[PDB]
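Report on one structure; see the data block that follows.
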Amino acid sequence: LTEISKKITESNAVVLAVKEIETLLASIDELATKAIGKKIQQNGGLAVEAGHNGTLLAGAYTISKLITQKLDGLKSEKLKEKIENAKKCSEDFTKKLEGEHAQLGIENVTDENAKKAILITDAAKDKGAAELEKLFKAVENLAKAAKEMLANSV
Amino acid sequence: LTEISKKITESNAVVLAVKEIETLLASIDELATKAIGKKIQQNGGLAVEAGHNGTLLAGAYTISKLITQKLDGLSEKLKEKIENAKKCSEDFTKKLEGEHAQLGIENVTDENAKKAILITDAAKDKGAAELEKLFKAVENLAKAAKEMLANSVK
């Protein structure tokens, strides 16, 4: 019974650490679905302001660089393959954004190009969003396995 | 007792839900410290691109509203700590809206963006002071939630 408390707390530490990565991905999705081409509006809400998404994409870039860092701190023989798959997907996403600097690494990034980078429901998603979509799937799979380990401990 | 396990899972759900809010705040701090006045750089990293922070602030505004929603989703022990954080989250959102003249444009200067979301900014008079209070209210809420989970696991 002394082993169970040690097993529950340490497996919950993985669930908490994975939740951090899940939420970082959700914040990118929130920037993509709500903030692209927008500006703060008088009396609340967002108003349309097309084509100046350069600093917003720098923010998604920085969060992608936080996501791989969190994946590096994860270390479990059962989750080794699922963790390493998420880390490769997180690096691919960051590298794809870097490769599209000609269109994404400017101030006046168009709404279309910003969506192609970070909006996973974008039709073309050929400037990073397809890599972001794989990163979502890899992290969701890692979360499901971690949540099952905590349920088996309890 | 088998009933204790019900206490562990339900109190761990609170820890997970608060961690989600903490991470949303960390993403805003990551936008503030790294992305303001920046753009994606060829070969990696971020390059200087002053101003044009308007859509980045729209993203911080959107994440601030997600934080308020998550605080609404939250335990008769933590009611005052939850209500205090919810009040701080609404104050932060309302402060950003009130500064729409300087924050609700395309070409938001680096200085004004930092006054809004960079809690280490010296002036911090366009929202960052409210953000700093929100950080403190959430970290105090997190400490209380993890203390309740530690009492359950023993």
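Labels below follow one simple rule: chain letters A, B, ... track the order of the sequence lines, proteins then strands, and each chain is numbered from 1.
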**Study point:** Nearest-0.5 Å distance that lies between atom CG in B/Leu141 and atom OG in B/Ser75
**Key:** 9.0 Å
Check your understanding: Do you know the tightest heavy-atom contact between B/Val108 and B/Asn53?
Key -> O-ND2, 3.0 Å
Review point. Going hydrophobic residue to hydrophobic residue with side-chain gaps under 4.5 angstrom, can you get from B/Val153 over to B/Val15?
Key: no
Study note, to complete from the structure: Hits for salt bridge (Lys or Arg N to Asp or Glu O under 4.0 Å) against B/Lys124, two or more places apart or cross-chain, chain-then-number order -> none
**Study point:** Heavy-atom closest contact (A/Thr2 atom, A/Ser5 atom, distance)
**Key:** O-OG, 3.1 Å
Exercise for review: For atom NZ of B/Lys136, decide whether the heavy atoms of other residues, nucleotides or ligands shown that lie under 6.0 angstrom number more than 12.
Suggested key: yes
Practice item. Would you name the heavy atoms of A/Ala58 and B/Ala35 that are closest together and state the gap between them? Key: C-CB, 4.0 Å
Revision key, fill the gap. So the salt bridge (charged side-chain N to carboxylate O under 4.0 Å, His left out) pairs with at least one residue in residues 22-34 of chain A (sequence neighbours excluded) are A/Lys19-A/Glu22, A/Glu30-A/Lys34
**Study point:** Inter- and intrachain pairs under salt bridge (charged side-chain N to carboxylate O under 4.0 Å, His left out), touching residues 109-122 of chain B, at least two apart
**Key:** B/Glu111-B/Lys115
Revision key, fill the gap. Minimal heavy-atom distance between B/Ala85 and B/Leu134, with the atoms involved, is O-CD1, 3.6 Å
Point to revise | Separation between CD1 of B/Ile117 and CG of B/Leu56, rounded to the nearest 0.5 Å | key: 5.0 Å
**Study point:** Sequence neighbours excluded, every pair satisfying salt bridge (charged side-chain N to carboxylate O under 4.0 Å, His left out) that has a member inside residues 138-152 of chain A
**Key:** none
Practice item. Report whether A/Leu25 and A/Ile120 are members of the same hydrophobic cluster (ILVMFWY, side-chain heavy atoms less than 4.5 Å apart, transitive linking). Key: yes
Study note, to complete from the structure: Nearest heavy-atom contact between A/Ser27 and B/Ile63 is CB-CD1, 4.1 Å
Revision key, fill the gap. CG (B/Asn84) and NZ (B/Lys81) are apart, to the nearest 0.5 Å, by 9.0 Å
What pairs of donor and acceptor atoms, side-chain ones from residues 71-81 of chain A against any protein atom, are under 3.5 angstrom apart with sequence neighbours left out?
none

Practice item. Please round to the nearest 0.5 Å and tell me the distance separating atom CG of B/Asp125 and atom CD of B/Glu130. Key: 9.5 Å
Please report, to 0.1 Å, the donor-acceptor pairs under 3.5 Å made by any side chain of residues 94-105 of chain A, with sequence neighbours excluded.
| unit_1 | atom_1 | unit_2 | atom_2 | d |
| --- | --- | --- | --- | --- |
| A/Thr94 | OG1 | A/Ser64 | OG | 2.9 |
| A/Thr94 | OG1 | A/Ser90 | O | 3.2 |
| A/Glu98 | OE2 | A/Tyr61 | OH | 2.6 |
| A/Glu100 | OE1 | A/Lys127 | NZ | 3.4 |

**Study point:** salt bridge (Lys or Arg N to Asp or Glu O under 4.0 Å) involving B/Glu90 - partner list, sequence neighbours excluded
**Key:** B/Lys86
Study note, to complete from the structure: The reported gap from CD1 in A/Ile4 to OG1 in A/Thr9 (rounded to nearest 0.5 angstrom) is 11.5 Å
Review point. Linking I/L/V/M/F/W/Y whenever their side-chain heavy atoms sit closer than 4.5 Å, directly or via other members, would A/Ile8 and A/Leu1 fall into one cluster?
Key: no
Exercise for review: Please identify each residue that fulfils side chain to side chain contact (heavy atoms under 4.5 Å, CB included) with B/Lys6, with sequence neighbours left out.
Suggested key: B/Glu3, B/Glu10
Review point. Considering residues at least two apart in sequence or located in another chain, which fulfil the salt bridge (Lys or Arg N to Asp or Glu O under 4.0 Å) criterion with A/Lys38?
Key: none
Exercise for review: Treating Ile, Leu, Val, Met, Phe, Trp and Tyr as nodes and any side-chain heavy-atom pair under 4.5 angstrom as an edge, say whether B/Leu16 and B/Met148 lie in one connected cluster.
Suggested key: no
Point to revise | Side-chain heavy-atom pair B/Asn12, A/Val154 within 4.5 angstrom cut-off | key: no
Check your understanding: Are A/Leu119 and A/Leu31 connected, step by step, through hydrophobic side chains (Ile, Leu, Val, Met, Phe, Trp, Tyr) whose heavy atoms are closer than 4.5 Å?
Key -> no
Point to revise | Counterpart residues, side chain to side chain contact (heavy atoms under 4.5 Å, CB included), relative to B/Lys70 (two or more places apart) | key: B/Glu20, B/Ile21, B/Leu24, B/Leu66
Review point. Quick one: side-chain hydrogen bond (donor to acceptor under 3.5 Å, both in side chains) pairs with a partner in residues 41-52 of chain B, sequence neighbours left out?
Key: A/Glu107-B/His52, B/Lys39-B/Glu49, B/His52-B/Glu106
**Study point:** Reported CD1-to-OG1 distance for the pair B/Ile28 and B/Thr33, which is rounded to 0.5 angstrom
**Key:** 12.0 Å
Check your understanding: Is there a donor-acceptor pair closer than 3.5 Å between any side-chain N or O of A/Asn108 and the backbone N or O of A/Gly54?
Key -> no
Revision key, fill the gap. The side chain to side chain contact (heavy atoms under 4.5 Å, CB included) partners of B/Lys7 (sequence neighbours excluded) come to B/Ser152
Practice item. Measure the shortest side-chain to side-chain distance between B/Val138 and B/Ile67 over non-hydrogen atoms and say whether it is less than 4.5 angstrom. Key: no
Exercise for review: Taking all non-hydrogen atoms of both residues into account, name the closest pair between B/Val14 and B/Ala145 and its distance.
Suggested key: CG1-CB, 4.3 Å
